[PDB]
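Engineer: Following this message is one structure expressed as C-alpha cells.
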Amino acid sequence: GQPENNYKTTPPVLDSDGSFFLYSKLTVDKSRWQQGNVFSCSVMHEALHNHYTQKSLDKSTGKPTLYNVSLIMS
Amino acid sequence: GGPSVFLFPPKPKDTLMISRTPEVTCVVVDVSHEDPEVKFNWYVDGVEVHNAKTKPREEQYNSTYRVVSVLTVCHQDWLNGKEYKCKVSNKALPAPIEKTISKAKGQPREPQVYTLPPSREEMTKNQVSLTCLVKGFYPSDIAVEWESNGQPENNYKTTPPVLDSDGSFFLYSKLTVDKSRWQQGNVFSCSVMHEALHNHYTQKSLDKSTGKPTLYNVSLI
Amino acid sequence: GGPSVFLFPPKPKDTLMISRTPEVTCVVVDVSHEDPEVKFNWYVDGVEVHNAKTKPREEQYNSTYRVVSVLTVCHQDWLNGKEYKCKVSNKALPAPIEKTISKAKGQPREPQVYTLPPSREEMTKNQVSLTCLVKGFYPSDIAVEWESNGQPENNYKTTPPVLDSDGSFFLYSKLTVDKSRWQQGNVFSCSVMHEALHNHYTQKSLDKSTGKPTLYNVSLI
Amino acid sequence: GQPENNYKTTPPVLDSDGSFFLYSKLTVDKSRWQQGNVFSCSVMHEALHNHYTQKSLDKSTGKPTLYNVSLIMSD
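Residue numbers (the deposited numbering), protein chains in the order written: chain J, 385 to 458; chain K, 236 to 456; chain L, 236 to 456; chain A, 385 to 459.
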C-alpha cells in the first residue's frame, strides 16, 4: 500500500489493432525476496471500472502444486 | 398549518463516484394552503453560490406541499464536512426556520470485508443465499454493490447498520441465486466502497467451498 | 397537553416463552404533579380482571411523573389473540385516552434456519464469526439466542429484519469466538423461537466439522 | 418433512448412581433412510435449558471411504 521510488515505465508502442501496451518495471534487493513482500501495479484509466485495477504478486505466482499433506475425509 | 422541516443526508455513493454528482437536498413539508410558495435560502461554506433546483408544487388531499431544494457540491467540499445551510420562510410562521446538514468526520476506520462459503443445507433449497460481511467502519455511510462477472446484480439486500461493542458498525449483504447458476460454478463479487477506504474499492472472488490454502481439505462427518 | 397514555406491546421473548408468561404494560407520561394518582382500568375482552398491578411512581430526569402498569396475560391467551384494553383516568386530563392493540394476523409458515460456517481465512483474524440466519416468517414475533455448551452468552445484536422480494422476512445473528474455541469443535446452538416452529422452540447445531458434501470441493476457481 | 407415526419408548430404568436412562426407537423404510432423511429426537427435561434439546442424526456413518467415486482436479 505504499509507493515505490525505484520504478520505471516504458513508453507505449503502437500495435496493428491500434491499441498500446507498456511494461512497468520494479527493481528490489535480493534479500527482499525472502520476506515475500506483496507488490502490485496500479493503472489509472477511464475504461476500467471505478478507475481501479490491482494485481497482487505472491510466491505462488506460477503453476501451483498442492501441499503434500492431505486432510482425512473422515 | 404547522409547517415542518426534515433533514435528508446525502447518499455517499454520489460523492464517492467521480461520474456521479453529489447532491444535498433539504425538504419542507406541511406547507399551508394560503402560502404555497416558500421562501428558500441556501448557503454553502457560509457563502452564496448561484444554483437551485426547486421542485414544482403538487396538490394533495391534506393541503400539504412538499418543497425540495437541491444543492450541488464537489467531492472535496463534501469530504470537508462543512455545514450546508437551508433557511425557509413562510407567511404563517412568525419566524424563519433554519436547518443545517453536516456529516461528522471522526476516527476514519478502514472497513474489513469477508465472504463466507454457502451453507450445506442451502443445496436442498432451490434458492442459494450468499452472504457478504462488512465491519470495522465508524460512519454509517457505506456503499455496497454486487458486481458478478463485471455487471451489477439485479437483487441484493443490505441490512441497516447496528451498534457494536467495538464501536464500529457492521452489516451484511444478502444475494439470492438459482441452484443451476451455482452448480455450474458461477463467481460473484461483493464490492465495498467507503469514504475512508483506499482507492474507494474493495472486492474479492468466491466459489463453491472457498479455501485460502491451495489444498483439498475435508473436516469430520 | 397533559398526561399521555400508551400501551406498549409485550416483548417478543416473553410472548413465545412458556415459562416466562407475557406481560402487557401501559404507560402514562407527563402526569401532573397535583394529580399523581391516576385511576386504572384493565379489560380483557370486555371483562374486568383483578390480576392487574401498577408499579410505584418513579421520578424522571426531566422532573415528569411516569406511571407504569403491568398485567400478566395467559400464555395461551396471546396465542389465541385476545384483546386487552387499558384505560387511565386523571383529574387534570379532560378526556381519558384509550390505546388498543391486537395480535398480528397472517398465514403461519415455518421459517428456515441455516448456519454459515466460517471461511478458510476467518480464523486468521483474532475473532472468528459464526452466523445463523432465519428466513420465511410473516409475523415479527421471533426470538434468536446463542448457546455454547450450556453456558449462556448472547450478544443481543437483534438486527432489524428486512422484507424480501416475496415478502418473507428474514434476519441474521452473529457471534464472536476465539481461535481455540473454533478449533476445539464444541457445539454451538442457534436457538430459534417462533409461532410456526414445532413445540414453539427449535435449535440448530454448528460444529467445526459442520458437514462436508460427498461431492468433491474445488480449491480453485 | 413429516412427523413419524411410529414411536417407541421404554419406561425409565434406575441407574447405579441414582439417575435414569431410557431409549427411543423409530422404525422406518430402507428407502427413506437411504435418501438422507432428516431425523431428530427432541428431548425435554426440567433441568435442561430452554426445555428443548435437538440431536439430529445424519445419514453418513463417518467411514473413511464412503464416496467411492474418483475425484476431479480443476486448477
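Beta carbons: idealized from backbone N, C-alpha and C, even for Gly.
Taking just the CA atoms, how far does residue 400(L) sit from residue 373(L)?
Structural biologist: Each residue's Cα considered, the two are about 13 Å apart.
Engineer: When you compare each of 339(K), 431(K), 423(K) and 436(K) to residue 443(K) by their alpha carbons, which one comes out closest?
Structural biologist: Ranking the options by Cα distance to residue 443(K), first place goes to 423(K).
Engineer: Among 353(L), 349(L) and 314(L), whose alpha-carbon lies nearest the alpha-carbon of residue 435(L)?
Structural biologist: Nearest of 353(L), 349(L) and 314(L) to residue 435(L), Cα basis: 314(L).
Engineer: Using the Cβ count rule (16 or more neighbours within 10 Å means buried), how would you classify residue 294(K)?
Structural biologist: Exposed, by the Cβ-count rule.
Engineer: So, residue 368(L) versus residue 391(L), is the Cβ gap smaller than 7 Å?
Structural biologist: In this structure, residue 391(L) does not lie closer than 7 Å to residue 368(L) by Cβ.
Engineer: Among 362(L), 406(L) and 384(L), which has the Cα closest to the Cα of residue 394(L)?
Structural biologist: Ranking 362(L), 406(L) and 384(L) by Cα distance to residue 394(L) puts 406(L) first.
Engineer: Please report the distance separating the alpha-carbon of residue 273(K) from that of residue 339(K).
Structural biologist: Computed Cα separation, rounded: 29 Å.
Engineer: Pick out whichever of 247(L), 298(L) and 276(L) has its Cα sitting closest to the Cα of residue 261(L).
Structural biologist: Of the candidates 247(L), 298(L) and 276(L), the one whose C-alpha sits nearest the C-alpha of residue 261(L) is 276(L).
Engineer: For residue 293(L), write down the residues that DSSP places opposite it in a beta bridge.
Structural biologist: Answer is 301(L), bridged to residue 293(L).
Engineer: Residue 352(K) and residue 411(K) - do their beta-carbons sit closer together than 7 Å?
Structural biologist: No, the Cβ-Cβ distance between residue 411(K) and residue 352(K) is not below 7 Å.
Engineer: Could you check if residue 370(K) is buried or exposed, using at least 16 other CB atoms within 10 Å of its CB as the buried criterion?
Structural biologist: Buried.
Engineer: Taking the beta carbon of residue 296(L) as the centre, do at least 16 other beta carbons fall within 10 Å, making it buried, or is it exposed?
Structural biologist: Flag for residue 296(L) reads exposed.
Engineer: What separation, rounded to the nearest whole angstrom, lies between the Cα atoms of residue 418(A) and residue 428(A)?
Structural biologist: If you take the alpha carbons of residue 418(A) and residue 428(A), they lie about 28 Å apart.
Engineer: Tell me which same chain residues have a C-beta within less than 6 Å of the C-beta of residue 268(K), skipping the five on either side of it?
Structural biologist: Excluding positions up to five away in sequence, the list reads 298.
Engineer: Using a Cβ-Cβ cut-off of 6 Å (strictly less than) and excluding sequence neighbours within five positions of residue 460(L), which residues of its own chain qualify?
Structural biologist: Past the boundaries of the shown model lies residue 460(L); chain L is included only from 236 to 456, so the question cannot be answered.
Engineer: Taking just the CA atoms, how far does residue 416(K) sit from residue 457(A)?
Structural biologist: Straight-line Cα distance between these residues: approximately 20 Å.
Engineer: Any heavy atom of the ligand FAD closer than 6 Å to the Cβ of residue 325(L)?
Structural biologist: Judged by which ligands are present, the structure shown has none, so any question about the ligand FAD falls away.
Engineer: Determine the contact status of residue 263(K) and residue 308(K), defining contact as a CB-CB distance below 7 Å.
Structural biologist: No.
Engineer: If you draw a straight line from the C-alpha of residue 330(L) to the C-alpha of residue 387(A), how long is it?
Structural biologist: Distance between the alpha carbons of residue 330(L) and residue 387(A): 55 Å.
Engineer: Using the DSSP secondary-structure output, state which residues sit across from residue 378(L) in a beta bridge.
Structural biologist: According to DSSP, which records beta bridges pairwise, residue 378(L) is partnered with 428(L).
Engineer: Does residue 449(L) have its Cβ less than 7 Å from a Cβ in chain A?
Structural biologist: So yes, residue 449(L) belongs to the interface.
Engineer: Can you give the beta carbon distance from residue 361(L) to residue 238(L), rounded, assuming they're within the 8 Å contact cut?
Structural biologist: Wrong, their Cβ atoms sit about 51 Å apart, outside the cutoff.
Engineer: Let me check one thing: in DSSP terms, what residues is residue 332(K) bridge-paired to?
Structural biologist: DSSP lists 323(K) as partners of residue 332(K).
Engineer: Enumerate in chain order the residues of its own chain whose CB-to-CB distance from residue 250(K) is below 7 Å, with the five nearest sequence positions on each side excluded.
Structural biologist: The answer, listed in chain order, is 257, 310 and 313.
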